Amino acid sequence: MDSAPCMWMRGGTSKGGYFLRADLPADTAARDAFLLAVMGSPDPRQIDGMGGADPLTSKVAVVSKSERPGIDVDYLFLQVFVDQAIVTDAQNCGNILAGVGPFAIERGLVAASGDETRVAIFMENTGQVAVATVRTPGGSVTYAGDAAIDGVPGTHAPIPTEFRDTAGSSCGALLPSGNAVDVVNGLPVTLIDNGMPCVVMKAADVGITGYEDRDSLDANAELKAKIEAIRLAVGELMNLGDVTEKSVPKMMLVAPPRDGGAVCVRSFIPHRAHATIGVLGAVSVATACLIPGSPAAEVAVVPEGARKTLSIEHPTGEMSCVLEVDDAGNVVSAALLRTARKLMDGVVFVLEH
């Protein structure tokens, strides 16, 4: 295989290549070798491929028509490492997911349903489902509009994304330790998985305010060591095995809001300070805000009602999460805004094997 049809899209704040599953090799070794060559990996500059020399622009979506009930398309996310000959499918990316809906409609995997088309997506990495609402004026996708997200210039068509079946998707339960709060290394934390395994703790409990600049936190070795020691100590409690070399759980340091939101966060993913917050991590953090007695509930401003908009402040702005909660208190769905844009469509080429 020396080529494959491919669409290059921006999905959220990430970028990568979108493939039909039938257009990629069935053998995972042959597939990974093809995608590495497509990106130009391994190479810190990715000069001989389509990767942008950054993990956020070295990503792949594998999309196929789904035989699952109620699901339109299956979606496999793959991170193509920039400077290593490694392609991984552990954990799912909620930004590349934003392009899956429009891509499936454009490719004919899902018929457009009027001027606005809802696409039910099965996320194969963690077995959860997202429903993306795509603008399809006159029966064809558009990527233009008045919606904006932090980290992307200008405005685009909105892609509301509703997540369900998120609780314990990676850890097997919403609270894998069975506790709303666990004391780890002398500090109270919440171990929670509502779409993305997270450790939620007060920024003040680890010696910062939680409003520091991303670059200042990224260079705070003492803080990173304290957080990492906690992350290693809860890997088994969260049913994640040995998390030494894993990118999970994400470390979420929370603080009361300062820009009008519900809560403020600084996220380490697990080592680098995030410029915003992960889309699935936002669902976990927002859900943690609703658990009484937890560090997030202590600092969050939670509105009343069955439908709560939880604006999560992060270094470059805020990401709002709409939580639908039953009369008992359980989060039945979470909806967040993303956008996408088809950038180039055609065929990617690699040198033959």
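We number the residues from 1 along the sequence you see.
Stretch comparison (51-59 versus 281-289) by mean CA B-factor in the PDB entry places 281-289 on top. Remark: stretch with higher mean C-alpha B factor among 63-71 and 30-38 is 63-71. Of the residues listed, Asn92, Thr209, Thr155, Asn95, the entry assigns the biggest Cα temperature factor to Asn92. Per the PDB entry, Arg118 shows the highest C-alpha temperature factor of the residues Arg118, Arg214, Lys224, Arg258.
When the modelled residues of the chain are ordered by C-alpha B-factor, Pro44 sits in the lowest third.
Ranked by C-alpha B-factor against the other modelled residues of its chain, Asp205 falls in the middle third. In the PDB entry, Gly151 places in the lowest third of its chain by CA B-factor. In the deposited entry, the Cα temperature factor of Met319 sits in the bottom third of values across the chain's modelled residues.
Ranked against the other modelled residues of its chain, the C-alpha B-factor of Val332 as given in the entry falls in the highest third.
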